[PDB]
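File shown: work04.csv. Contents: CSV, C-alpha atoms.
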chain,number,residue,atom,x,y,z
A,30,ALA,CA,-15.8,-35.0,5.7
A,31,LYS,CA,-18.7,-33.3,3.9
A,32,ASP,CA,-18.1,-31.1,0.9
A,33,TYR,CA,-20.4,-28.1,0.8
A,34,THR,CA,-19.2,-26.6,-2.5
A,35,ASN,CA,-22.4,-27.3,-4.4
A,36,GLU,CA,-24.7,-27.2,-1.4
A,37,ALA,CA,-27.2,-24.3,-1.0
A,38,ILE,CA,-25.6,-22.8,2.0
A,39,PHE,CA,-24.4,-19.6,0.3
A,40,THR,CA,-26.6,-16.6,1.2
A,41,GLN,CA,-24.7,-13.8,-0.6
A,42,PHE,CA,-22.3,-13.4,-3.6
A,43,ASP,CA,-20.9,-10.3,-5.3
A,44,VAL,CA,-18.0,-9.3,-7.5
A,45,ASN,CA,-16.2,-5.9,-7.4
A,46,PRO,CA,-15.3,-3.8,-9.2
A,47,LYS,CA,-18.2,-4.2,-11.7
A,48,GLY,CA,-18.1,-3.2,-15.4
A,49,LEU,CA,-15.1,-3.5,-17.7
A,50,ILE,CA,-11.9,-4.0,-15.7
A,51,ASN,CA,-9.2,-1.9,-17.3
A,52,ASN,CA,-5.9,-3.2,-15.7
A,53,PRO,CA,-4.6,-5.7,-13.2
A,54,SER,CA,-3.3,-3.0,-10.8
A,55,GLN,CA,-6.2,-3.3,-8.4
A,56,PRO,CA,-7.6,-6.5,-7.0
A,57,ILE,CA,-10.8,-8.1,-8.3
A,58,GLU,CA,-12.9,-8.6,-5.1
A,59,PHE,CA,-15.2,-11.5,-4.3
A,60,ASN,CA,-17.7,-11.3,-1.4
A,61,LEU,CA,-19.3,-14.5,-0.1
A,62,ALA,CA,-21.6,-15.2,2.8
A,63,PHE,CA,-22.8,-18.6,4.1
A,64,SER,CA,-24.7,-20.2,7.0
A,65,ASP,CA,-25.8,-23.5,8.4
A,66,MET,CA,-29.1,-23.3,6.5
A,67,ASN,CA,-29.1,-25.6,3.5
A,68,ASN,CA,-32.2,-25.4,1.3
A,69,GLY,CA,-34.2,-24.4,4.3
A,70,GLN,CA,-32.8,-27.3,6.4
A,71,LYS,CA,-30.5,-26.9,9.3
A,72,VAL,CA,-27.1,-28.5,9.0
A,73,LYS,CA,-24.3,-29.1,11.7
A,74,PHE,CA,-20.9,-28.2,10.4
A,75,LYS,CA,-18.2,-30.6,11.7
A,76,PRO,CA,-14.5,-30.2,11.9
A,77,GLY,CA,-13.1,-31.2,8.5
A,78,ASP,CA,-16.2,-30.2,6.5
A,79,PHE,CA,-15.2,-27.8,3.7
A,80,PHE,CA,-16.1,-26.1,0.4
A,81,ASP,CA,-14.0,-24.9,-2.5
A,82,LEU,CA,-13.9,-21.7,-4.5
A,83,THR,CA,-12.6,-21.7,-8.1
A,84,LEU,CA,-11.6,-18.4,-9.6
A,85,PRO,CA,-12.5,-18.1,-13.3
A,86,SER,CA,-10.1,-18.3,-16.3
A,87,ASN,CA,-9.8,-19.0,-20.0
A,88,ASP,CA,-6.8,-19.6,-22.2
A,89,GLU,CA,-5.4,-16.1,-21.9
A,90,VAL,CA,-6.8,-14.7,-18.6
A,91,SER,CA,-6.7,-16.4,-15.2
A,92,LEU,CA,-7.7,-15.0,-11.8
A,93,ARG,CA,-5.7,-16.2,-8.8
A,94,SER,CA,-5.1,-15.4,-5.2
A,95,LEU,CA,-2.3,-12.9,-4.4
A,96,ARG,CA,-0.9,-15.4,-1.9
A,97,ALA,CA,1.7,-18.1,-2.6
A,98,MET,CA,0.4,-21.6,-3.2
A,99,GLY,CA,-0.4,-23.4,0.1
A,100,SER,CA,-0.7,-20.2,2.1
A,101,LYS,CA,-3.0,-20.4,5.1
A,102,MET,CA,-5.2,-17.9,7.0
A,103,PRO,CA,-7.2,-18.6,10.1
A,104,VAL,CA,-10.9,-17.7,10.2
A,105,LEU,CA,-11.9,-16.5,13.7
A,106,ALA,CA,-15.1,-16.3,15.6
A,107,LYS,CA,-15.9,-14.1,18.7
A,112,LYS,CA,-12.8,-13.8,23.0
A,113,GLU,CA,-11.4,-15.3,19.8
A,114,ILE,CA,-11.8,-18.8,18.6
A,115,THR,CA,-10.5,-20.4,15.4
A,116,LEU,CA,-13.5,-21.9,13.6
A,117,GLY,CA,-12.0,-22.2,10.1
A,118,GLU,CA,-9.0,-22.2,7.9
A,119,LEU,CA,-8.5,-20.8,4.4
A,120,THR,CA,-5.9,-22.2,2.1
A,121,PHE,CA,-5.0,-20.2,-1.0
A,122,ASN,CA,-3.9,-22.5,-3.9
A,123,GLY,CA,-3.7,-20.2,-6.9
A,124,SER,CA,-7.1,-20.1,-8.6
A,125,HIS,CA,-8.3,-22.6,-6.0
A,126,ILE,CA,-9.3,-21.5,-2.5
A,127,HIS,CA,-10.1,-24.1,0.2
A,128,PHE,CA,-12.1,-23.5,3.3
A,129,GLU,CA,-12.1,-26.0,6.1
A,130,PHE,CA,-14.0,-26.0,9.5
A,131,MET,CA,-11.8,-26.4,12.5
A,132,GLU,CA,-12.3,-28.3,15.8
A,133,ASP,CA,-14.1,-25.5,17.6
A,134,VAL,CA,-16.9,-25.3,15.2
A,135,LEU,CA,-18.5,-27.9,17.5
A,136,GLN,CA,-19.0,-25.0,20.0
A,137,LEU,CA,-21.7,-23.0,18.3
A,138,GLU,CA,-25.4,-23.6,17.6
A,139,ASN,CA,-25.9,-21.3,14.6
A,140,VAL,CA,-23.1,-20.8,12.2
A,141,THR,CA,-22.8,-18.0,9.7
A,142,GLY,CA,-19.8,-16.4,8.0
A,143,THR,CA,-18.4,-14.1,5.4
A,144,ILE,CA,-15.4,-14.3,3.1
A,145,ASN,CA,-13.9,-11.3,1.2
A,146,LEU,CA,-11.5,-12.8,-1.3
A,147,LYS,CA,-9.0,-10.7,-3.2
A,148,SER,CA,-7.7,-11.8,-6.6
A,149,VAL,CA,-5.3,-10.7,-9.3
A,150,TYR,CA,-5.4,-11.6,-13.0
A,151,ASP,CA,-2.7,-12.4,-15.6
A,152,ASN,CA,-3.3,-11.7,-19.3
A,153,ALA,CA,-1.2,-13.5,-21.9
A,154,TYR,CA,-2.7,-11.7,-24.9
A,155,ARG,CA,-0.2,-9.7,-27.0
A,156,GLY,CA,-2.2,-9.1,-30.2
A,157,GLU,CA,-2.6,-5.8,-32.0
A,158,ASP,CA,-6.3,-5.4,-31.6
A,159,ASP,CA,-7.9,-4.5,-28.3
A,160,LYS,CA,-9.7,-7.5,-26.8
A,161,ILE,CA,-12.3,-8.3,-24.2
A,162,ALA,CA,-12.3,-11.3,-21.9
A,163,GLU,CA,-15.6,-12.5,-20.5
A,164,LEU,CA,-15.2,-14.6,-17.4
A,165,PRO,CA,-18.7,-15.1,-15.9
A,166,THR,CA,-18.5,-17.0,-12.6
A,167,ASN,CA,-20.2,-18.3,-9.5
A,168,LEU,CA,-16.7,-19.4,-8.1
A,169,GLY,CA,-17.7,-22.9,-8.8
A,170,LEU,CA,-20.6,-22.9,-6.3
A,171,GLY,CA,-23.3,-24.6,-8.2
A,172,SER,CA,-26.2,-23.2,-6.2
A,173,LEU,CA,-25.3,-19.6,-7.2
A,174,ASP,CA,-26.2,-17.8,-10.4
A,175,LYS,CA,-23.1,-16.7,-12.3
A,176,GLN,CA,-22.1,-13.0,-12.4
A,177,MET,CA,-20.3,-11.5,-15.3
A,178,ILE,CA,-16.7,-10.3,-15.2
A,179,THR,CA,-15.4,-8.4,-18.2
A,180,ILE,CA,-11.6,-7.8,-18.5
A,181,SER,CA,-9.9,-5.6,-21.0
A,182,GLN,CA,-7.1,-7.1,-22.9
A,183,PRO,CA,-5.4,-4.1,-24.5
A,184,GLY,CA,-3.8,-4.4,-27.9
A,185,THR,CA,-0.2,-3.7,-28.5
A,186,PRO,CA,0.5,-1.0,-31.1
A,187,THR,CA,2.9,-1.5,-34.1
A,192,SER,CA,5.6,8.1,-23.7
A,193,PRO,CA,5.4,12.0,-24.0
A,194,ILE,CA,4.3,12.4,-20.4
A,195,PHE,CA,7.1,14.0,-18.5
A,196,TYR,CA,6.1,12.6,-15.1
A,197,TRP,CA,3.7,10.1,-13.6
A,198,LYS,CA,3.6,7.7,-10.7
A,199,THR,CA,2.0,4.2,-10.5
A,200,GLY,CA,1.6,1.5,-7.8
A,201,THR,CA,0.2,-1.9,-7.1
A,202,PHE,CA,0.2,-4.7,-4.6
A,203,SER,CA,3.1,-7.1,-4.3
A,204,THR,CA,2.7,-10.8,-5.1
A,205,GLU,CA,6.1,-11.6,-3.7
A,206,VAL,CA,5.7,-10.1,-0.2
A,207,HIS,CA,2.2,-10.3,1.3
A,208,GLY,CA,1.1,-6.9,2.6
A,209,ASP,CA,3.7,-4.9,0.6
A,210,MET,CA,3.1,-2.6,-2.4
A,211,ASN,CA,5.4,-1.6,-5.3
A,212,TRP,CA,5.7,1.9,-6.6
A,213,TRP,CA,7.2,3.7,-9.7
A,214,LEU,CA,8.1,7.3,-10.1
A,215,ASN,CA,8.6,7.8,-13.9
A,216,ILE,CA,10.7,10.9,-14.4
A,217,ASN,CA,11.4,12.4,-17.8
A,218,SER,CA,10.1,9.6,-20.0
A,219,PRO,CA,10.3,12.0,-23.1
A,220,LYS,CA,14.0,12.5,-22.4
A,221,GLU,CA,13.6,16.3,-22.4
A,222,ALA,CA,16.4,18.8,-22.2
A,223,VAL,CA,14.9,20.4,-19.1
A,224,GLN,CA,16.0,24.0,-18.3
A,225,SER,CA,16.4,23.7,-14.6
A,226,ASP,CA,16.9,21.1,-11.8
A,227,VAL,CA,14.0,18.6,-11.3
A,228,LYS,CA,12.4,18.1,-7.9
A,229,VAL,CA,9.8,15.6,-6.8
A,230,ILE,CA,8.3,15.5,-3.3
A,231,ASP,CA,6.5,12.3,-2.7
A,232,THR,CA,4.3,11.9,0.4
A,233,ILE,CA,3.3,8.3,1.2
A,234,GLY,CA,-0.2,8.2,2.6
A,235,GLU,CA,-1.6,6.9,5.9
A,236,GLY,CA,-1.7,3.2,6.6
A,237,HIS,CA,1.6,2.2,5.0
A,238,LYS,CA,5.3,3.1,5.2
A,239,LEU,CA,8.4,2.9,3.0
A,240,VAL,CA,10.3,-0.4,3.3
A,241,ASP,CA,13.9,0.4,4.4
A,242,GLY,CA,16.5,-0.1,1.7
A,243,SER,CA,14.0,-0.8,-1.1
A,244,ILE,CA,14.8,2.2,-3.3
A,245,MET,CA,16.4,1.6,-6.7
A,246,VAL,CA,16.6,3.6,-9.8
A,247,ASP,CA,16.6,2.8,-13.5
A,248,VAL,CA,18.6,5.3,-15.6
A,249,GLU,CA,18.1,5.4,-19.3
A,250,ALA,CA,19.9,7.7,-21.8
A,251,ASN,CA,21.4,7.5,-25.3
A,252,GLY,CA,20.3,3.9,-25.9
A,253,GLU,CA,21.3,2.2,-22.7
A,254,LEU,CA,19.6,1.3,-19.4
A,255,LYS,CA,21.3,0.8,-16.0
A,256,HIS,CA,19.4,-0.5,-13.0
A,257,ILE,CA,21.2,1.1,-10.0
A,258,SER,CA,20.7,1.6,-6.3
A,259,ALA,CA,19.6,4.7,-4.4
A,260,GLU,CA,23.2,5.0,-3.0
A,261,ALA,CA,24.7,5.0,-6.4
A,262,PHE,CA,22.2,7.5,-7.6
A,263,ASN,CA,23.1,9.8,-4.7
A,264,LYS,CA,26.8,9.7,-5.8
A,265,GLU,CA,26.3,10.2,-9.6
A,266,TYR,CA,22.9,11.7,-10.6
A,267,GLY,CA,21.3,13.5,-7.8
A,268,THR,CA,19.9,13.2,-4.3
A,269,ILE,CA,17.1,11.1,-2.8
A,270,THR,CA,16.1,11.7,0.8
A,271,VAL,CA,13.6,9.9,3.0
A,272,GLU,CA,12.1,11.5,6.1
A,273,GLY,CA,9.2,9.7,7.6
A,274,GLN,CA,6.5,9.5,4.9
A,275,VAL,CA,8.3,11.9,2.6
A,276,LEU,CA,10.6,10.7,-0.2
A,277,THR,CA,12.3,13.5,-2.2
A,278,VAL,CA,14.1,13.2,-5.5
A,279,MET,CA,16.3,16.0,-6.7
A,280,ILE,CA,18.0,15.9,-10.1
A,281,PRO,CA,20.4,18.7,-11.3
A,282,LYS,CA,19.6,20.1,-14.7
A,283,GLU,CA,22.7,18.5,-16.4
A,284,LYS,CA,21.9,15.1,-15.0
A,285,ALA,CA,18.2,15.2,-15.9
A,286,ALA,CA,18.9,16.3,-19.5
A,287,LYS,CA,17.7,13.7,-22.0
A,288,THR,CA,17.6,11.0,-19.4
A,289,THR,CA,14.7,9.0,-18.0
A,290,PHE,CA,14.8,8.1,-14.3
A,291,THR,CA,12.5,5.4,-12.9
A,292,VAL,CA,12.6,5.5,-9.2
A,293,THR,CA,11.1,2.4,-7.6
A,294,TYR,CA,10.4,1.5,-4.0
A,295,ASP,CA,8.2,-0.6,-1.8
A,296,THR,CA,5.8,0.3,1.1
A,297,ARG,CA,4.4,-2.0,3.7
A,298,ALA,CA,0.8,-1.8,5.0
A,299,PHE,CA,0.4,-1.5,8.8
A,300,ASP,CA,-3.3,-0.6,8.9
A,301,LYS,CA,-4.9,-3.8,7.7
A,302,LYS,CA,-8.3,-2.3,7.4
A,303,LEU,CA,-7.7,0.9,5.4
A,304,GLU,CA,-9.8,0.9,2.2
A,305,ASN,CA,-7.1,2.4,0.0
A,306,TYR,CA,-3.3,3.0,0.4
A,307,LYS,CA,-2.5,6.3,-1.2
A,308,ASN,CA,0.6,8.2,-2.4
A,309,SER,CA,0.7,11.7,-3.6
A,310,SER,CA,3.5,13.7,-5.2
A,311,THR,CA,4.4,17.1,-6.5
A,312,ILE,CA,7.0,18.0,-9.1
A,313,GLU,CA,8.6,21.2,-10.3
A,314,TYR,CA,11.0,22.0,-13.1
A,315,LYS,CA,11.4,24.2,-16.2
A,316,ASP,CA,10.5,22.3,-19.4
A,317,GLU,CA,12.7,22.3,-22.5
A,318,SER,CA,11.1,25.5,-23.6
A,319,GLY,CA,12.2,27.2,-20.3
A,320,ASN,CA,8.7,27.4,-18.8
A,321,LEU,CA,8.1,26.5,-15.2
A,322,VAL,CA,5.8,23.5,-14.8
A,323,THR,CA,3.8,23.7,-11.6
A,324,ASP,CA,0.4,22.4,-12.8
A,325,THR,CA,1.0,18.7,-13.4
A,326,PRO,CA,-2.4,17.0,-13.1
A,327,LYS,CA,-2.9,15.0,-9.9
A,328,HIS,CA,-4.1,12.0,-11.9
A,329,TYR,CA,-0.5,11.7,-13.0
A,330,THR,CA,1.2,12.6,-9.7
A,331,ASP,CA,-1.1,10.8,-7.2
A,332,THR,CA,-2.3,7.2,-7.1
A,333,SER,CA,-3.4,4.4,-4.7
A,334,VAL,CA,-3.8,0.7,-4.3
A,335,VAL,CA,-7.1,-0.7,-3.2
A,336,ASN,CA,-6.8,-2.9,0.0
A,337,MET,CA,-5.4,-6.2,-1.1
A,338,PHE,CA,-6.0,-8.2,2.1
A,339,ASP,CA,-8.2,-11.3,2.3
A,340,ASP,CA,-10.5,-11.4,5.3
A,341,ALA,CA,-13.1,-13.7,6.8
A,342,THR,CA,-15.2,-14.1,9.9
A,343,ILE,CA,-17.7,-16.6,11.4
A,344,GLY,CA,-20.5,-16.1,13.9
A,345,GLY,CA,-22.7,-18.2,16.1
A,346,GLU,CA,-23.7,-19.0,19.7
A,347,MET,CA,-22.7,-21.9,21.9
Transcribe the structure of this file into structure tokens.
Amino acid sequence: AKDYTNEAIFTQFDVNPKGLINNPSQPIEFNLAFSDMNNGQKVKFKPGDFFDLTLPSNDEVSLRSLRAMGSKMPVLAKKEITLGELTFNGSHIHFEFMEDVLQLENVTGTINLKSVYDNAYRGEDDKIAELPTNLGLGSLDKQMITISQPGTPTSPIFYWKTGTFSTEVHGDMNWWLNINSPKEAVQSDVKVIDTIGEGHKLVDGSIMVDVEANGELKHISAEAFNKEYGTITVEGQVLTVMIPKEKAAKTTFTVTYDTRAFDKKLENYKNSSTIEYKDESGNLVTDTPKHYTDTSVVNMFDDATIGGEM
């Protein structure tokens, strides 16, 4: 079989987001286009021909697929016909042409690869990792990727929510509702109304709660939470957390749960929430910034397509 990795068949290449990447919460996207024109010369792709993509890395930062090693994804052409197959192997992505590539006259295609990065740096000073790359495709000019490696110092925010894609269940996302990190002596019950956005839904039975107070943490279930600390309800896209004043006092509650994407093409999977309570000073808090209460996960699905005529 012929290896096209370093051949000049790649017509497009781009990396997103651009600029200094702040955290691994969102995917680092790679867009690639190719065709049967190699250095101005027509080639005929045969079943088995392939090319390999290699995500960049250094000694502390490595980019890899979100999929488990050995995961496969078909690459279809249009009725549908399987023309290729993508195999995700960590930082290595393999593309192979399938039998039916012998159907088409002119072959073109696009690959939108999603990646996640790990960062082993734990130093005090803030650091920057430079991972310029052409995904190993020698015919392409490298594009710079800058990743921030935050230093570790030698939270006062009462409430904020976060979320990211799961690397354990493809298509799922993990979320965190951080309630009373400061461990305030709130002067009223605490209520959070979380509305999961369009395109994804809560995964049944995935709600758990971390309860930390007076030097000890306990990781419990939603059911246990409902019997000892408060009430968590779920109705459609709405997840509500209610914590009585005496139970919320000087205690941090970390409510976690998962959602599952059902709309594969939505650009972002959002989640918004509102909170109300009286702070330790007895003042009603109704103005918590949305940057703290709302968040989203950029589409983390890989996709690819091929085109041509018989």
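Using only C-alpha atoms for every distance, the candidate list A:224, A:318, A:293, A:41 yields A:224 as the residue closest to residue 281 in chain A.
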A:34, A:145, A:343, A:163 ranked by distance to residue 116 in chain A, top pick (using all atoms listed in the file): A:343
Report as a PyMOL selection string all protein, DNA and RNA residues lying within 8 Å of range 123-136 of chain A, evaluated on only C-alpha atoms, omitting residues in the same chain fewer than 2 positions from it. chain A and resi 74-85+91-98+114-121+138+346-347
Taking all atoms listed in the file into account, produce a table as a Markdown table in which each residue of range 311-339 of chain A with an atom at most 7 Å from an atom of range 147-161 of chain A appears once, together with its shortest atom pair and the distance in Å to one decimal, ordered by chain and rising number.
| residue | atom | partner | partner_atom | distance |
| --- | --- | --- | --- | --- |
| A:337 | CA | A:147 | CA | 6.1 |
| A:338 | CA | A:147 | CA | 6.6 |
| A:339 | CA | A:147 | CA | 5.6 |
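Distances here use all atoms listed in the file; by that measure, the residue among A:333, A:323, A:40, A:277 closest to residue 142 in chain A is A:40.
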What's the 9 Å shell around residue 245 in chain A, counting all atoms listed in the file, without same-chain residues fewer than 4 positions away, as a PyMOL selection string? chain A and resi 256-262+291-294
Computed interatomic separation between CA of residue 344 in chain A and CA of residue 236 in chain A (Å): 27.9 Å
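Counting from CA of residue 105 in chain A, the distance to CA of residue 141 in chain A is 11.7 Å.
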Within 10 Å of file point (-25.2, -24.2, 2.0), counting all atoms listed in the file, expressed as JSON, numbers by chain: {"A": [32, 33, 34, 35, 36, 37, 38, 39, 40, 62, 63, 64, 65, 66, 67, 68, 69, 70, 71, 72, 80, 170, 172]}
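Each of A:229, A:194, A:303, A:335 was checked against residue 46 in chain A using all atoms listed in the file; the smallest atom-to-atom distance is that of A:335.
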Around all the atoms of range 107-130 of chain A listed in the file, draw an axis-aligned box and extend it by 4 Å on each of the six sides; I want its centre and edge lengths in Å to one decimal, as lines of an AutoDock Vina configuration file.
center_x = -9.8
center_y = -19.9
center_z = 7.2
size_x = 20.2
size_y = 20.2
size_z = 39.6
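For the choices A:311, A:286, A:273, A:295, the atom-to-atom distance to residue 205 in chain A is smallest for A:295 when using only C-alpha atoms.
Here CA of residue 212 in chain A is placed at a distance of 10.3 Å from CA of residue 243 in chain A.
Nearest-residue note for residue 183 in chain A: choosing from A:60, A:162, A:113, A:47, the minimum distance belongs to A:162, counting all atoms listed in the file.
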Nearby residues (all atoms listed in the file) at most 10 Å from residue 222 in chain A, same-chain spacing under 5 positions excluded, as a CSV table (one decimal) with C-alpha atoms, keeping the file's coordinate frame:
chain,number,residue,atom,x,y,z
A,217,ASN,CA,11.4,12.4,-17.8
A,282,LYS,CA,19.6,20.1,-14.7
A,283,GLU,CA,22.7,18.5,-16.4
A,284,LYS,CA,21.9,15.1,-15.0
A,285,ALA,CA,18.2,15.2,-15.9
A,286,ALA,CA,18.9,16.3,-19.5
A,287,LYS,CA,17.7,13.7,-22.0
A,288,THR,CA,17.6,11.0,-19.4
A,315,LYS,CA,11.4,24.2,-16.2
A,316,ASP,CA,10.5,22.3,-19.4
A,317,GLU,CA,12.7,22.3,-22.5
A,318,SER,CA,11.1,25.5,-23.6
A,319,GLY,CA,12.2,27.2,-20.3
